[PDB]
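Data block below; observations after.
Here is how names work: the chains are called A, B, and so on, in the same order as the sequence lines, proteins then strands, and each is numbered from 1.
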Amino acid sequence: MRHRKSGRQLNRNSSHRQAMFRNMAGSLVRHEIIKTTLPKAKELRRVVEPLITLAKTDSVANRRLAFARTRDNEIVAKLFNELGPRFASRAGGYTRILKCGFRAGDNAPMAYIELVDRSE
Amino acid sequence: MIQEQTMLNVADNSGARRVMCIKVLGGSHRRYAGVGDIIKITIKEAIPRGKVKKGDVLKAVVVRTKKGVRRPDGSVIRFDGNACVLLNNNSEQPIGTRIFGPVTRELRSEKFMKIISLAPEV
Amino acid sequence: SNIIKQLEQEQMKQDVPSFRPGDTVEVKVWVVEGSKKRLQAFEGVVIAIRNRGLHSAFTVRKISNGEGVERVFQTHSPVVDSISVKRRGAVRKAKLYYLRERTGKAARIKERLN
Amino acid sequence: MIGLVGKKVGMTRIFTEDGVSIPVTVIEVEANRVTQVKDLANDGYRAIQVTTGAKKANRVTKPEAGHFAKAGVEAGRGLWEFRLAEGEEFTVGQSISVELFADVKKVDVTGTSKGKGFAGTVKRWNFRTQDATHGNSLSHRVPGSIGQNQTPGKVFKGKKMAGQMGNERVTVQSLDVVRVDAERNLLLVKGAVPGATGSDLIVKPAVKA
Amino acid sequence: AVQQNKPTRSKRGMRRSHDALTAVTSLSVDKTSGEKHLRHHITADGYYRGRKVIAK
RNA sequence: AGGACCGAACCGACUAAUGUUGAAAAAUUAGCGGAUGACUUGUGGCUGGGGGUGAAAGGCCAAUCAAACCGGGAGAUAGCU
RNA sequence: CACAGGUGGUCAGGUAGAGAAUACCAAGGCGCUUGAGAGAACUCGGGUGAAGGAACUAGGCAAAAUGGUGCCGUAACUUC
RNA sequence: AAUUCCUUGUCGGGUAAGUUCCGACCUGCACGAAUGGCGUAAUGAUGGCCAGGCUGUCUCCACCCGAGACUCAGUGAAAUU
RNA sequence: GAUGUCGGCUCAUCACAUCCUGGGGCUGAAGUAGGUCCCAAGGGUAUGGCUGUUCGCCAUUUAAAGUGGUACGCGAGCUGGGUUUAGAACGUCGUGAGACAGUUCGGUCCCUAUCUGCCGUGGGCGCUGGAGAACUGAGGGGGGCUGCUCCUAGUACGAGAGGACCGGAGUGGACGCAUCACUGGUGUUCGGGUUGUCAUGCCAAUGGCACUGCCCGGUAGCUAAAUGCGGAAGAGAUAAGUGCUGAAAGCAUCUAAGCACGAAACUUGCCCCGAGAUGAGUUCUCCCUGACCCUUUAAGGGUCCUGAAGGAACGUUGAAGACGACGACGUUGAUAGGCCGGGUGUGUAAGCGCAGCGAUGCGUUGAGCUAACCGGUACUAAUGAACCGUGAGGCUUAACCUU
Ligand SMILES: [Mg+2]
Ligand SMILES: [Mg+2]
Ligand SMILES: [Mg+2]
Ligand SMILES: [Mg+2]
Ligand SMILES: [Mg+2]
Ligand SMILES: [Mg+2]
Ligand SMILES: [Mg+2]
Ligand SMILES: [Mg+2]
Ligand SMILES: [Mg+2]
Ligand SMILES: [Mg+2]
Ligand SMILES: [Mg+2]
Ligand SMILES: [Mg+2]
Ligand SMILES: [Mg+2]
Ligand SMILES: [Mg+2]
Ligand SMILES: [Mg+2]
Ligand SMILES: [Mg+2]
Ligand SMILES: [Mg+2]
Ligand SMILES: [Mg+2]
Ligand SMILES: [Mg+2]
Ligand SMILES: [Mg+2]
Ligand SMILES: [Mg+2]
Ligand SMILES: [Mg+2]
Ligand SMILES: [Mg+2]
Ligand SMILES: [Mg+2]
Ligand SMILES: [Mg+2]
Ligand SMILES: [Mg+2]
Ligand SMILES: [Mg+2]
Ligand SMILES: [Mg+2]
Ligand SMILES: [Mg+2]
Ligand SMILES: [Mg+2]
Ligand SMILES: [Mg+2]
Ligand SMILES: [Mg+2]
Ligand SMILES: [Mg+2]
Ligand SMILES: [Mg+2]
Ligand SMILES: [Mg+2]
Ligand SMILES: [Mg+2]
Ligand SMILES: [Mg+2]
Ligand SMILES: [Mg+2]
Ligand SMILES: [Mg+2]
Ligand SMILES: [Mg+2]
Ligand SMILES: [Mg+2]
Ligand SMILES: [Mg+2]
Ligand SMILES: [Mg+2]
Ligand SMILES: [Mg+2]
Ligand SMILES: [Mg+2]
Ligand SMILES: [Mg+2]
Ligand SMILES: [Mg+2]
């Protein structure tokens, strides 16, 4: 039974899941639009959205917290300088998932995940 | 929570130091003895020139357990170790005269009255 | 849950003093011998606190006749009349179950003067 | 006597002055509305139908709404029936409240138990496991034998096997009613009752007592 | 473990009676580009619910 | 000094689990034994079938051993199926 | 078999370490040619566990446990 | 007794309880002196027994992490009959 | 041209020649406890030591530790200790090879389930217009065990010793159901400590890897060892048995007529499934009230228009779940996530400052972080639609409309 449990295992261990999401978090922040699988995209929301939220209160402790969960200083910078200010007024929902069909190789259901205000 | 093969310390001056529970008395297939429950014991360790001696089979009542008692408010009292007070086989009154260590009010019954009195606590 | 919250806080106590794991505490507890009830004291060290509203609990471990005695108290029970910090203790851990292993000078709590 | 429908809010305790902690399930018993009185003539048995709670006008179907509208009651979340014992009368539109349990001492509660899905024999039927070691080849929690040899030559019916466990109607009987709170629409029942927090409960007085 | 008798052509088809695929019950049409697409999915030209949220 | 001690490479294979249409016609995993010797290993060489070789288990002699393999006698014979 | 096997020699970086052990790394090289989801039973490989502690079992099988350096200390017996 | 049928021999130890174990007894069914007899320190992946410690071995299972099992897509067996 | 053989484990099922519990007659039955037979198979019916054991002895339990059948039930479920391969040895027989219903030590247990069967779970069609709900309950299943203490009463009984039925009250054991409020376990998704090493340029702070590196704690959920509940009472008809009246048979006779007592068995009562109950049932509510062509004119086929109730699909999802299914929600919205606030857990972050040669300590400060929790909030994502499903529902008879 899985009753009231959150957290997709995604046919990985904990270390691999944390690491992929850290990678997927930075790719999103960097590209502002990434194609992944739909279930990965739904979890990605639970990793990426709290960092944008942390990125509104620019304290050095916050840069350190983001660096611990991002391990990239391009991503911390873009969070606290561009994303944090850009989502200053938004009470959550920084990302939007848009389903985009099935992958040719394995028929995985895909989804584009995006920042709600891309402006490119 | 006292079952067969569990070692118990002794809470009396009978002469035994260590005893082993060999039978939880009461019902059939009765798995455990708690505080206030009579058990059958063998003495695995005794002091020389004592009332009891090693290998003697007799009865004991549990007075303290590591699992502990439960109270009606939901409070639990747990002891550091499991201890017993030896009892005669056909009389079930205590062999000793002193009771060493605390006891509980789960022994406040006509049968165990001569233990709560001689105890230093409850 | 607001239902349960309201039903819970309606019987919670108001007098519960602040204490901390490591503090030495004299819990006064009712014992009913027949009909006439008298308070009994259990002085010892707080090794664990559970903070869950009405379901809050705290464990006091004391040594008695060489026999380590732990008592888990339900802090909002009417069985418990009074909690009283007699000594504050400086520990760095929420839970002090390691004090079970220790004895005498090994299980001493340095005093808090914060 | 009839019973009432409610909802599982959760469990709490009631401390008494004497020192006793009483575990209770809190049952939210909103006012039960009679939607249909079945009588011996037209229906063939004497019962009442009730609804309670609320449903969206947008999620009520037209068949449901006419049935509520005929009774002159607001659409609740479901329909439940209670049989009548030959003296108790009721009228459509009549609102029955938790005060009906004011004088009762013990109640039977029924709900849908928590669902455990596909359960093994160990969990579902208290089947003892086999040896964890001492040679055991792939048969640690497996059910063992399921029968005899070329005489029945088949598995008998009702053989305790692995499958769906829970998510079924369960009645727990003779539960002490701790407190009836009419102004707050709550029944307090000593002890656990079936199902998950937030689940429909039916509460009746105890048959046995 | 294994069959004592060859199952027939008929038993084989009865097993496959549930093997038919369901078709798409309906395609949805974009309010702006008129493309057909899977409902709640984006179009092949990059439109979702009339908005062009892809580059291509 | 040592057919000495602990322990890797290296050589082996006591237990257990896995696997038993295997990843594998004998392995894998965890542990286990020897580990300067009667050790181990490479290259090449010699011993040939009632023969070899064997610290001896009828063990091994190209996944084959109480008489190898291939070919021949040969369509042995088969009061049996 | 693009097979968890077998296959001799040579080269031998850094931190820790007695070490060619072990962990992490460098150089260099790989991610093992189906993937995507789900988070049932059961199986496998593992982690933890109240109280009890071999009551298991043919058998403590397996697990758990012990494990290092130095100082002290070390029985029976003995071919010393 | 790696030898004893009778046999779980008798007694004793150890255990609450011991067909095993140890010790002694002799009634050696059916030991016995280099197909060696009796001992024997050390050694043993040797056989049997005991204890300390340890533990999911067990009482009596519970939860968790992973690989499968289940679902989708692709490839696509087998024994049997 | 193979039906795997002892015992164990797991799971069991029937029989009754009944071990306990229940009901009873005789007793050389005072009472307590027994003896023996009759009825009764509802439920229940040990853990250990020794041995491969079945068994048996012994220890200690229990209300009792029943007897048998099921391939001496169960190896395509487990084990492999015994026993029947190859090794080796003792004794013994034999010149010997070898051998023993003698012993010893050691020694590969395969199978992805087609059918039946079983446990679960769905799809299809049917149930005669379609649809959404609520039900009746034919039938089926589950459950059915009992100890101890106290009162009645130290009474009835008995010379004493001891010591009741009947009825009653409480508390346990075992089994089962539910559940998480408590007590706990778990918690590789929370926090913290810490060893070694690498990296983030370095300091400081962090992260990776080392079984989650090792540990200490611990949310939710799941859960037992935790805590609530249950077995019933009662009714009906009976068993063995006890009787009333009562002839046949002037009497007697429980029986022939007739009448009544009488048990955990039976039927009910309690719980669960349940109209595929094709004998397909009932009740409530909802929807559909148009044109016509055709011809073997028949429950006929086709065209146009219409497309409902509702359903499904899709999507967000769930204390529901293998998949289906079930439930909740879909902007007229709290369905999920995010966010806010709280709680919870961890236990006083970082940075700065003070003290100290320094390790570190103190202060800012119960700080910082905080998963699944609570209460809220449309920020994100749950599309305007399309799709399926129709268009008043056979014949015959009867009654009511309307005797
Ligand atoms: Mg996969
Ligand atoms: Mg790791
Ligand atoms: Mg469930
Ligand atoms: Mg296994
Ligand atoms: Mg048959
Ligand atoms: Mg050597
Ligand atoms: Mg050596
Ligand atoms: Mg090599
Ligand atoms: Mg290998
Ligand atoms: Mg190995
Ligand atoms: Mg060595
Ligand atoms: Mg031979
Ligand atoms: Mg060969
Ligand atoms: Mg020739
Ligand atoms: Mg021929
Ligand atoms: Mg010839
Ligand atoms: Mg490959
Ligand atoms: Mg290495
Ligand atoms: Mg799993
Ligand atoms: Mg444990
Ligand atoms: Mg422990
Ligand atoms: Mg044993
Ligand atoms: Mg046993
Ligand atoms: Mg044995
Ligand atoms: Mg071992
Ligand atoms: Mg280990
Ligand atoms: Mg023993
Ligand atoms: Mg033994
Ligand atoms: Mg000889
Ligand atoms: Mg030896
Ligand atoms: Mg496939
Ligand atoms: Mg074929
Ligand atoms: Mg009979
Ligand atoms: Mg009955
Ligand atoms: Mg026995
Ligand atoms: Mg039987
Ligand atoms: Mg058999
Ligand atoms: Mg079989
Ligand atoms: Mg054997
Ligand atoms: Mg097998
Ligand atoms: Mg068949
Ligand atoms: Mg928990
Ligand atoms: Mg540093
Ligand atoms: Mg690295
Ligand atoms: Mg980690
Ligand atoms: Mg600070
Ligand atoms: Mg909320």
Side-chain angles (χ1 to χ4, degrees), chain A residues 1-7 9 13-14 39 45 49 60-61 64 67-68 71 90-93 95-97 105-108 116, chain B residues 1 3-6 22-23 26-31 40 42 57 66-67 70 74 76, chain C residues 1 55 92 94-95, chain D residues 11-13 21 23 36 38 43-45 49 58 61-64 66-67 79 81 113-115 117-120 130 132-139 142-151 154-156 159 161-164 167 169-175 190-192 194 196-197 207, chain E residues 1-3 5-7 18 25-26 28 31 39-40 49:
Chain A
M1 33 231 304
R2 194 205 64 73
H3 296 171
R4 310 275 275 169
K5 289 200 208 159
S6 285
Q9 182 204 321
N13 62 53
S14 228
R45 289 182 312 180
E49 289 193 1
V60 166
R64 288 194 178 171
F67 188 62
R71 295 299 304 182
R90 296 212 85 96
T95 46
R96 135 191 320 124
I97 299 163
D106 55 333
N107 207 57
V116 292
Chain B
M1 215 169 165
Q3 64 165 284
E4 276 162 1
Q5 298 298 282
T6 194
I22 55 149
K23 195 65 73 200
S28 122
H29 283 259
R30 173 162 168 164
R31 306 182 161 78
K40 206 77 176 196
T42 190
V57 155
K66 283 178 59 53
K67 189 82 201 198
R70 209 78 163 64
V76 50
Chain C
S1 305
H55 313 131
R92 285 209 56 197
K95 297 297 193 303
Chain D
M11 290 204 67
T12 63
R13 21 137 67 108
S21 188
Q36 201 174 10
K38 295 174 182 177
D43 296 278
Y45 64 111
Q49 205 198 61
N58 109 284
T61 67
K62 286 193 184 281
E64 298 171 291
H67 181 80
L79 275 320
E81 256 198 45
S113 62
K114 290 158 145 291
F118 207 121
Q130 284 165 247
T133 182
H134 283 304
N136 191 292
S137 291
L138 313 182
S139 281
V142 313
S145 177
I146 68 181
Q148 301 95 29
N149 192 349
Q150 171 160 316
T151 163
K154 68 174 171 178
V155 181
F156 293 141
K159 178 69 189 80
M161 288 210 171
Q164 180 61 43
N167 189 31
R169 167 202 204 79
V170 175
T171 286
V172 176
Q173 297 186 42
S174 297
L175 282 183
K190 173 163 181 217
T197 293
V207 179
Chain E
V2 77
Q3 70 209 21
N5 294 96
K6 193 176 164 179
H18 302 278
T25 73
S26 164
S28 285
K31 76 204 291 300
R39 189 157 188 84
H40 305 98
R49 294 175 67 169

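Between the side chain of A:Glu49 and the backbone N or O of A:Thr95 there is at least one donor-acceptor pair closer than 3.5 Å. A distance-only check finds a donor-acceptor pair linking the side chain of B:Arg70 to the backbone of B:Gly74 [under 3.5 Å].
At a cut-off of 3.5 angstrom, counting only N and O atoms as typed in the model, there is a donor on one side and an acceptor on the other between the side-chain of B:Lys67 and the base of G:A50. Below the 3.5 angstrom threshold, one finds a donor paired with an acceptor across the side chain of D:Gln148 and the base of I:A12.
Rounded to whole angstrom, the span from the CG atom of D:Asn58 across to the P atom of I:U335 amounts to 13 Å. Rounded to an integer number of Å, the gap from CZ of B:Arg30 to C1' of I:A65 is 18 Å.
A:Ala68 comes within 4.0 angstrom of the backbone, heavy atoms only, and of no base.
The side chain of B:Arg70 contributes no N or O atom lying less than 4.0 Å from OP1 or OP2 of I:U183. Close to I:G337, at under 4.0 Å from its OP1 or OP2, lies no side-chain N or O of A:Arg96. Of the side-chain N and O atoms in B:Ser28, none sit less than 4.0 angstrom from OP1 or OP2 of I:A46. Within the structure, a side-chain polar atom (N or O) of A:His3 is placed less than 4.0 Å from OP1 or OP2 of I:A320. For the OP1/OP2 pair of I:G321 and a distance below 4.0 Å, the side-chain nitrogens and oxygens of D:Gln164 include at least one atom meeting the criterion. For I:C222, one of the phosphate oxygens OP1 or OP2 lies less than 4.0 angstrom from a side-chain nitrogen or oxygen of D:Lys114. The phosphate of I:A220 has neither OP1 nor OP2 within less than 4.0 Å of any side-chain N or O from A:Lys5. Of the side-chain N and O atoms in D:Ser174, none sit less than 4.0 angstrom from OP1 or OP2 of I:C229. Applying the 4.0 Å criterion to OP1 and OP2 of I:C182, one finds that C:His55 has a side-chain N or O inside that range. The shortest distance between the side-chain N/O atoms of D:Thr171 and the OP1/OP2 oxygens of I:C272 is below 4.0 Å. Side-chain nitrogen and oxygen atoms of A:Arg2 include at least one within less than 4.0 Å of the OP1 or OP2 phosphate oxygen of I:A319. Phosphate contact (OP1/OP2 of I:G228, side-chain N/O of D:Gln173, threshold under 4.0 Å): absent. Side-chain nitrogen and oxygen atoms of A:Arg64 include at least one within less than 4.0 Å of the OP1 or OP2 phosphate oxygen of I:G351.
Between the side chains of B:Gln3 and B:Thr6, not a single donor N or O lies within less than 3.5 Å of an accepting N or O.
Summarising the geometry, atom CZ belonging to D:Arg169 is positioned 11.5 Å from atom OG belonging to D:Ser113; distances are rounded to the nearest 0.5 Å. Taken to the nearest 0.5 Å, the CD atom of D:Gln130 stands 11.0 Å off from the CG atom of D:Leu138.
The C1'-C2'-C3'-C4' torsion of H:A77 is positive, so its sugar falls on the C3'-endo, or north, side.
Across the P atoms, I:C175 and I:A220 are found 30 Å apart, a figure rounded to whole Å. Nucleotides I:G75 and I:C109, compared at atom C1', are 8 Å apart to the nearest Å.
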Can you check nucleotides 51-58 of chain H for protein contacts, nitrogen or oxygen pairs under 3.5 Å, and list what you find?
{"residue": "H:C58", "atom": "OP1", "partner": "D:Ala132", "partner atom": "N", "Å": "2.9"}

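Residue-level groove mapping places B:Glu4 in the minor groove; its side chain has a heavy atom within the 5.0 Å threshold of a minor-groove acceptor or donor atom there and none near the other groove.
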